[PDB]
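Reading the structure
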Amino acid sequence: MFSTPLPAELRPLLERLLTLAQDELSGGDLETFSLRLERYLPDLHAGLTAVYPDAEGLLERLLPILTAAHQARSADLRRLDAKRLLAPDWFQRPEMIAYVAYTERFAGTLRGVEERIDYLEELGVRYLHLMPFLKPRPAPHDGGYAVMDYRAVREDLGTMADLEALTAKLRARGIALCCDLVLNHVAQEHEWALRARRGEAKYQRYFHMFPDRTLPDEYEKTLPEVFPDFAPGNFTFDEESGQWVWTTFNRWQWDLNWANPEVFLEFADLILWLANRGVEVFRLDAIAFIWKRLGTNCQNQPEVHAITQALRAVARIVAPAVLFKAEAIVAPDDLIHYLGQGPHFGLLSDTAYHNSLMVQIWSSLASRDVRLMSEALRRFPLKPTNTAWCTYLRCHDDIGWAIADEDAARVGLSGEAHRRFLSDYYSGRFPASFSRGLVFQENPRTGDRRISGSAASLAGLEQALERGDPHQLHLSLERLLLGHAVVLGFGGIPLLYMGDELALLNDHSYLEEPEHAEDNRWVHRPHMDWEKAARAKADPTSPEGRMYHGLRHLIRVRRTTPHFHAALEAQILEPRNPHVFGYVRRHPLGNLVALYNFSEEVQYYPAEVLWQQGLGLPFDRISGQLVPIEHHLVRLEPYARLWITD
Amino acid sequence: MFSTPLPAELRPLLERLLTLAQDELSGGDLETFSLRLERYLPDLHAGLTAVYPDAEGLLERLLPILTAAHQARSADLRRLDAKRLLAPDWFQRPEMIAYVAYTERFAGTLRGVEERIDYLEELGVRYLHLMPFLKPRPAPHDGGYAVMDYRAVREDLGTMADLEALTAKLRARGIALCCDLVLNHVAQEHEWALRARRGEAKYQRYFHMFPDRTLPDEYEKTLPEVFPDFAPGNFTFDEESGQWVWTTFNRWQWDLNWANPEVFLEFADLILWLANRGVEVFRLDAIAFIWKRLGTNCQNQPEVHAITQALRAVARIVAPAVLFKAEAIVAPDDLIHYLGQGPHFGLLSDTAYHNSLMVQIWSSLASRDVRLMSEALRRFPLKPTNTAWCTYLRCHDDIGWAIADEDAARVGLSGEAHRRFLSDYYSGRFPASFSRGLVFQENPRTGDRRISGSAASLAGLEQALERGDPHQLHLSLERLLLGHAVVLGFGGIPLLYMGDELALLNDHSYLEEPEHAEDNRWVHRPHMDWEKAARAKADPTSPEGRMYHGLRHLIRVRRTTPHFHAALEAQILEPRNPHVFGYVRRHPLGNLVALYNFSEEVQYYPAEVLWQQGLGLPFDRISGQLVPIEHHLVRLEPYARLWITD
Amino acid sequence: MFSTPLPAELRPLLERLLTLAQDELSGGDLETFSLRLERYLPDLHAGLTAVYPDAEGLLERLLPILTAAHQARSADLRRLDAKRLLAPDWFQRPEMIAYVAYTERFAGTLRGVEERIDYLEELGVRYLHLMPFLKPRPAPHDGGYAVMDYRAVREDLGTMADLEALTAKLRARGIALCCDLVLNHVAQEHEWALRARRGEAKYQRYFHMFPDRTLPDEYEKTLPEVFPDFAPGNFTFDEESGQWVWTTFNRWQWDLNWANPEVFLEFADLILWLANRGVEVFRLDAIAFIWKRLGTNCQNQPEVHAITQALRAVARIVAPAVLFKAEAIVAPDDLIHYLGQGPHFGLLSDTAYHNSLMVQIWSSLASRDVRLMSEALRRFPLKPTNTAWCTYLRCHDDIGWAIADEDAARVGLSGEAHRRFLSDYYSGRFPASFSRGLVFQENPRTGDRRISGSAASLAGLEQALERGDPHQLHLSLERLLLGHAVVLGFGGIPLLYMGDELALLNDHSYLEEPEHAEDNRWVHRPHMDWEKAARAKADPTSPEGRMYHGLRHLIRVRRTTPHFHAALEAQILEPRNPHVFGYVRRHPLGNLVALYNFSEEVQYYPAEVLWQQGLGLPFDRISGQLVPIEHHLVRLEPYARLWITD
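Residues numbered from 1 in each chain as written, not as in the entry; some residues may be left out. Chains lettered and ligands numbered in written order. Part of a larger assembly, values for the part shown. Heavy atoms only, no water. Residues with missing side-chain atoms left out of burial classes, pairs and counts.

X-ray crystallography is the method the PDB entry states for this structure, with the resolution given as 2.2900 Å.

The PDB entry annotates chain A as amylosucrase of Calidithermus timidus DSM 17022. Within the Protein Data Bank, this record goes by the title "Crystal structure of amylosucrase from Calidithermus timidus".

This is the structure we're talking about:
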């Protein structure tokens, strides 16, 4: 929507950079690169100069990396880049359906994924996030998040050649591969870390190394604890270096020093090199953590956005086809900044996890009341229209209860009481809770509790199967379809989590595996059950069948509804029935009113709001029938979801 | 607020009535009557002329009834008339507290009531409604509502001399007697009905008597059934006369013909005679029913208000001390007319039962949600400021669920489903209902059901005492105190129903009185338990003493809170917590915010409401303490009531 | 609508007052007095006790004064007393039209006034304010406002016998005499001042006397100047007593000491004695000024209202027929207090001058814009419903431009530039001004300027006659009729100013009388022209006839419009045409919308406003025709006035 114009004082730097490009590239090729370089230079420079002392000199070192990566980029990928520059809203379209899986859990190896494309296609998948598949450190590696070599696929998954062959097969089916960029920290066994341990100065400066506790003890006073059960605080003593090292996550995940321009250059090179193997989407893992400042929580620092802007411009110049997706699991008031605000407006990640939306679905499912969800989403600031939320019900991580005290108070709830209730409820402790979840990283000092468990176990299917009640089994599947209905119809890329289309339960296997046993997040990282996939498809009356055919129907309707284009945002309706979540999407062809019963009971909704939103003859795209109106009310079945147009 | 000026065209009529008055009365006495007649003749004429064809002739016959009743009015009652003309807002005062009781159940006899005046004064009672105590017909007489002689006390209660001696005792303790005026119908054993049964045309015209089914069949097409279990439809064949007679209620209750000027003169005479016995308040029983019109439900007809205006003016001229209370148990949309609208503004009954407030209190208790209550009460039109509601939680009658579809639809409820639910809940059939009530007058043609039962039995105390559950016993007592706090705090004369101050339960002994056995309203008309009264005063921790002391505490705070002056009306607040009913009363000394928790669970309320209503240092008059504010919220205990001023 | 109950602690005091009353009165007479004492004692006491130190003993001395005034009260006035208690909204009725005149200017003598009651009754007058007619000091007496003897009529006007006979004739024809109560100050030639000047210590305590400048100099630091051209500051040295005396107004008007209980008693006695000669309304002259407090402006002090409450209760007890009218020419935020606020709610004067409305009428006529008027009147607080405004276009005084900076700023005006423009405009200095007015009391230190002139001279008739333009003469008459229509239609007692019904011009006679020549307010205090009165009656096409017949028609239409009852207030509409002033008055019989075109050109108003106020068939009571609606607009003639009902 806004292009950053070329400031006069940077005309001379552009001249120097085009001359340097002139020595690598010729003809129409040099011209294509040169026009893109000119377009994005303003954002690339504004990013680097906020952070690194010699931006002009850093840009001179960056040029040949842009150039070599341009030279190395395939005809097929250059064609996708050009195709995406002409249709820049591609990722915002209703046809975008995503699927998230660990390769070894989904299909064994990268090559194995080729033979399950037919299954991804049947769910209309156009986006596939394979969980970290680059070479990690041995034993415990936080499910691939402790990276030992960014340039190598984990041995048991295959080779870079197999990745290239996989991306070629996904592109031929219109499927975009998403890959983690674990740019906050490396495994202590990574070459950069190994070289830092041996006292190599260049590589000491890639890390936050302290000779004693004086600085770490000061840092700790304002630092939270991400994994207090695994590695208390944020520092680890390293025997070999005799130095204290910043370790936000596990103690073998070593935070990189993003003040060092040498680190920026490593990742600019790494992004373009993975782009060239066929990575179309980079998930910026732990993006909020990348800048350290004494006296702060070392999260959401302004420099995070300056760095992200420079990395995004690198990708804009050489690989137009690629997106960034921010992992920013932050407070409702902090999230919007990761899609770019003020001087960064729309110059940052294309997408970001809507953690607030995911939290409010589960909260509303537990309370049967949507007032907090309605208020928190109504207060959410508008995003740049060139960006998209990633919507989800579950993922590979535990649920953090990101509820703002201000939103709870606005609707007569205590923030602290409700956050506590959500872990009481989803851990199965609250009286008559349907949930079988596990407390994760209970902090006795802050009171913070997170929740682990599969959608299906949290939504009541585990309990219904134990208790043998057919009605509670039905309600449980209805809750899952309702929650998926919200993620499919809010607007954004819907991130289906592997096996939720089969209602997979909690997998307690991890307890018998000593490298996983301490980390109960593995309870919701099951192996795929292909026998269950075959039974769901063959028998639509089975639980897995009800979930599979129900979700497949919502996907088919969502992609056939232009009103779900993510450039348009949900305008939250006043919850006139406090059990029914509602919003309208204002498309050029007309309005869509979404209603969602967060209750197991029949609920009535004032029919006049359909007419108020211009819908004289309301038609529900999910049922494919007129919405029945009786005595000025819409009658909603238990957990009904309605996508209503004229 | 508005005096009706005398039209130029009635000056001649006024002069004739004055020259007729000069024949009965002499000096200062003639002047007093004569100024009063002047003042109210305009309302009296405009009421009669709308109903009766020869209004100037009827006025000439009424004049010697006015003058005789003036002459027969004691010096004490004349003193009270003058004091009330000087303070017309007396019945609107917070000090006004009412008690309702059947003489035989409360104190055996009218003489008996004299010995219980100390008990009433203990509860701050300044208004006593003794249930119909005039001579009824024998056997079943609908608890006194089938009157055989309006000029005789029922024999077992004493005589008219006892009534005079009791009202003298009540006046000396500032207590006003409320007596029923059963003006819609008489016992078939009444002189009028016996003269009609013998074929006296004059007395047949006191009723609605038809020679065959021709007119009855047409009337019935638009008539509802008040007592379908007692007397189907609205007509009874009388064998002696050969005539079908209009009987809205029981077969032996005969609807009077209000098109007959003679019936009007009978009741104008009867009102002033009873006022002169010391009746201070007339309850207009079945006032909505007194005009019949073919093709209507024969309720709420315009002539009802013309007649009421004329009868009211009669009392204003001769007995300024007396008030009228309208019994109009009608739809929300119809109730406001009984305090006078349009040409009848403030000229009708001084008070009317707020059946909508009563219904909404029980509805909100069953559902734990106050949205319907808040919307129905918000939409309620403003009343003339010279009038007051009578507030109440229970009374001698069943509960009729007067819920308007329009109010239900606005807050996302089906009026039909919700009305059906309230009888399901309070009959005890709904899963986990705390209530022990009975279905009354279940109509299979309309689906209508009403509920009988004591406050204590409907509110869960019966169930709690039977299971020996201490938590449910506590919660049931709190629900009764919450309910009473709303009737005490809304603005209006609070009608305490006899024994509810002791949490009296359902009395099933009516099942063995064959004259009561068919009418289960007797389940909530117990004999007073003076053993329990003594135990309640002695033991503040007994169930009966919790109620007794809890209720006297609320009464003492009400009486010392000028904000409860009924000339001011509750301004309903948005139920920002849907479990918490809230309103402000805007007094000259400042605002009072009333908050009521309708949930057995702790509820938080946005503190900013208090400051938005100008309450900088919020003080709860019930607790005698500052309202605790924590994290911008008020923490309410289960069934908490707060009366908050600065 | 609120009767203040007797606190328990005052019950002993009531018994002593009743016992003292039993020595002076007997029988039914004593009962009547006793009930009125009981009813108003609580207000009387609460007023005295906030001001005087021994309230209990002051009441014992007041009692015999009350008792004596009661015994002196004639049967005719007692009858009126009892008539007004029955109809206490009497003065709020549409039929109340007021007339204000100097006796000598209107009819020569009190006797002469009897001969002009035909004229008053032809204008529908029910309220006659005769300007100060009690014995003044000689020569300059501020037009009767320096009083030498409260107990004598000014000799040239007749005697107390003439006043008594005049009020009898006025009562016979339903007219209420308004008399000034100049309670702030007496002439220096008054007996109390004469006794003070010869060193009698009891009468020194009736004034604010100082031995030297010590205290006066400190008082002056926070005091404004009312008459800076006549008597700088607020003090005068008295050569006889050798003392500085407080003189707010002229040097020979000596401010009474209202801290002295004897001053209270003098006025309690005077009010009842005047009332017994037939005064029905007391104008509390300069009521704002009666309390002094160092470091305040000695206006609007809380003791003013307590003293007023006490004097009002006195009149309630002994003369129910009398009204108090407050002269409070104060700022917009201060006026409402004179109708009773907080603990004084509706216990003070019955009426007060609406100086803000008068100011806003002239402001709007000058600017052709009603937005300042619409905003100022919208923000005005609601009066108690037992009270009424007095509305007026002109009076015996200069115009003070009472405009709040906050109101002006809300509609994009500088408060100070707009007050300057009003004096620039009405002084005739502003370009194209139609006004012939004079600057009064121009204060160089402060910038304050007031304006003298007749309605017709301010409104442009004088300029129009000089220019001989028949179209400007027309617009001048239209402005006067528009202004009068607002005072007749707003709600309240309209104070017609003697001669305004004939469009009388500035009278420059006063410059020939040395006693008047320094005081240019005499410019708008003309002698009545009775030849002009007859010409206006006989020639409706004359300027005086167009005004007389135009005004008589508005009066006749107001009288027969129940919607103008003053218990109801104007609800100000958005001025959606900024030249057209609008409000609705919400009567029980339906809404009235009043539209007033403050422009000399045709103006269009959106017709949807009328349907929005419930008028499907808009009828204009002034034209006696349907309101023409064309293209969703109401077409308003220059200076058009519409009083619109269904």
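Examining the domain arrangement of chain A
Residue and element names in this part refer to chain A. Here the domain parsing of chain A yields domain 1 (1–95), domain 2 (96–184 + 258–568), domain 3 (185–257) and domain 4 (569–646). Here the C-alpha centroids of domain 1 and domain 2 sit 30 Å apart. In this assembly, 36 residues from domain 1 lie in contact with 52 residues from domain 2. Across the domain 1 to domain 2 interface the summed buried area is about 3900 Å²; carbon plus sulfur atoms make up 67%. Sorting the residues of domain 1 by area buried against domain 2 places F91, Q92 and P94 first, and these three jointly supply 19% of that buried surface. Seen at the junction of domain 1 and domain 2, the total is three salt bridges. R126 is the partner of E95 in a salt bridge, and the nearest nitrogen-oxygen pair spans 3.3 Å. (Domains from an automatic or database assignment. Contact = heavy atoms within 4.5 Å. Buried area = accessible area lost by both parts, 1.4 Å probe. Salt bridge = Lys/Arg side-chain N within 4 Å of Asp/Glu carboxyl O.)

Description of the interface of chain C and chain B
Contacts between chain C and chain B engage 27 residues on the former and 27 residues on the latter. Each partner contributes to the roughly 2400 Å² buried at the junction of chain C and chain B, and carbon and sulfur atoms together form 66% of this total. A per-residue breakdown of the area chain C buries against chain B is headed by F2, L35 and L86 of chain C, which together make up 26% of the total. One salt bridge connects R79 of chain B with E31 of chain C, and the closest N-O pair in it is separated by 2.6 Å.

Some words on the sheet that holds strand β7 (residues 209–210) of chain A
In a beta sheet, neighbouring strands are held together by backbone hydrogen bonds and run either parallel or antiparallel to one another. Residue and element names in this part refer to chain A. As summarised here, the arrangement of the three strands in space is β7-β9-β8, forming an open sheet in which the pairing is antiparallel. The open sheet has two free edges, formed respectively by β7 and β8 (235–238), since each of these has just one partner strand. Taken together, the four bridges between β8 and strand β9 (residues 243–246) define a ladder with antiparallel strand orientation. The residue bridging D238 from the neighbouring strand is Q243, located in β9. (Pairing = 2+ DSSP bridges. Helix = DSSP H or I, 4+ residues; strand = E, 2+ residues; numbered from the N terminus.)

Let's talk about the sheet that holds strand β17 (residues 493–497) of chain A
Spatial strand order, β1-β2-β5-β11-β12-β13-β14-β17 (chain A): eight strands in a closed barrel with parallel pairing. Averaged over all neighbouring strand pairs, the angle between strand axes comes to 25 degrees, with direction disregarded. (Axes fitted to C-alpha atoms, helices over the stretch in contact; angles between N-to-C directions.)

Quick notes on helix α20 (residues 470–489) of chain C
Residues and elements named next belong to chain C. Here α20 contains 20 residues, and its C-alpha end-to-end distance of 28 Å stays within 8% of the 28 Å for a straight helix at 1.5 Å per residue. Counting buried residues along α20, 16 of its 20 residues qualify, which places the element largely inside the surrounding structure. The N-cap of α20, judged by a side-chain oxygen 3.2 Å from the amide nitrogen of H471 a few residues on, is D469. Two residues or fewer past α20, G491 is found with a positive phi of approximately 110 degrees. (Expected span 1.5 Å × (residues − 1). Buried < 20%, exposed > 50% of the residue type's maximum accessible area, 1.4 Å probe, protein only. Polar contact = N/O pair within 3.5 Å; in protein donor to acceptor, adjacent residues only side chain to side chain.)

Quick look at the packing of aromatic side chains
Under the definition given, this model contains 126 aromatic pairs over all chains. Ring geometry for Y99 of chain B versus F106 of chain B: centroids 5.3 Å apart, planes at 50 degrees, classification tilted. A single burial state applies to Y99 of chain B and to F106 of chain B, both of which are buried. Geometrically, the ring pair formed by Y203 of chain B and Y206 of chain B is tilted, given 4.8 Å between the ring centres and 45 degrees between the ring planes. Given a relative accessible area of 8%, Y203 of chain B falls into the buried group. Linked through ring pairs, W362, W401, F421, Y425, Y426, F430 and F434 of chain A together constitute an aromatic cluster. Lying across the ring of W273 of chain B, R277 of chain B places its NZ or CZ 5.2 Å from the centre. Its guanidinium or amino end placed over the ring of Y102 of chain C, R105 of chain C lies 5.8 Å from that ring's centre, counting from NZ or CZ. (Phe/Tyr/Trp six-rings, centres within 6.5 Å; stacked < 30°, edge-to-face > 60°. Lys NZ or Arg CZ within 6 Å of the ring centre and 35° of its normal.)

Examining unusual backbone geometry
All names here are of chain B. Although it is not a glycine, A503 adopts a positive phi angle of roughly 50 degrees. Non-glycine residue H631 carries a positive phi angle of around 50 degrees. Assignment of secondary structure puts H631 in the loop between β24 (629–630) and β25 (633–636).

A closer look at the pattern of salt bridges
One pass over the full model with this rule turns up 158 salt bridges over all chains. Here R213 of chain A makes a salt bridge to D217 of chain A, at a shortest N to O gap of 2.6 Å. The class for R213 of chain A is partly exposed, based on a relative accessible area of 28%. The salt bridge partner of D156 of chain C is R154 of chain C, with a shortest N-O separation of 2.7 Å. For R154 of chain C, a relative accessible area of 10% translates into the label buried. Members of the salt-bridge network, linked through shared partners, are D142, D397, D519, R521 and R525 of chain A.

Notes on the interface of chain A and chain B
Facing the 13 residues of chain A at the interface are 15 residues of chain B. The largest per-residue losses of area from chain A upon contact with chain B belong to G412, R576 and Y604 of chain A, which jointly make up 33% of the total buried on that side. Applying the counting criterion to the chain A and chain B interface returns zero salt bridges. Run the count over chain A and chain B and you get six residue pairs in polar contact.

Comments concerning the relation of the copies chain A and chain B
Mapping chain A onto chain B leaves a residual RMSD of 0.2 Å; the transformation is a rotation of 179 degrees accompanied by 0.0 Å of translation along its axis. As the rotation angle and translation indicate, the two copies are arranged about a two-fold axis. For chain A, the residue whose C-alpha comes nearest the rotation axis is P578 of chain A, separated from it by 4.3 Å. A share of 100% of the interface residues of chain A reappears at the interface of chain B, consistent with the copies meeting face to face through the same patch. (Least-squares fit on C-alpha atoms.)

Considerations on the relation of the copies chain C and chain B
The two copies are related by a screw operation: chain C maps onto chain B through 180 degrees of rotation and 0.1 Å of translation along the axis, at an RMSD of 0.2 Å. Taken as a fraction of all interface residues of chain C, those also at the interface in chain B reach 100%, which identifies the copy contact as same-surface.

Remarks on the nonpolar core
Formed by 201 residues in total, the largest nonpolar core has its most connected members in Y99, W258, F264, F267, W362 and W643 of chain C. One finds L14, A55, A193 and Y583 of chain B within the second-largest nonpolar core, a separate group that totals 200 residues. (Core = buried A, V, L, I, M, F, W, Y, C linked by side-chain atoms within 4.5 Å.)

Looking at the packing of helix α1 (residues 11–21) of chain B against helix α2 (residues 28–49) of chain B
All names here are of chain B. The contact between α1 and α2 brings their axes to 11 Å, and the two run at 145 degrees. As α1 runs across α2, the sense of the crossing is right-handed. Contacts between α1 and α2 pair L13, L14, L17, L18 and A21 from the former with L30, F33, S34, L37, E38, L41 and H45 from the latter. (Left-handed = near helix turned anticlockwise from the far one by under 90°.)

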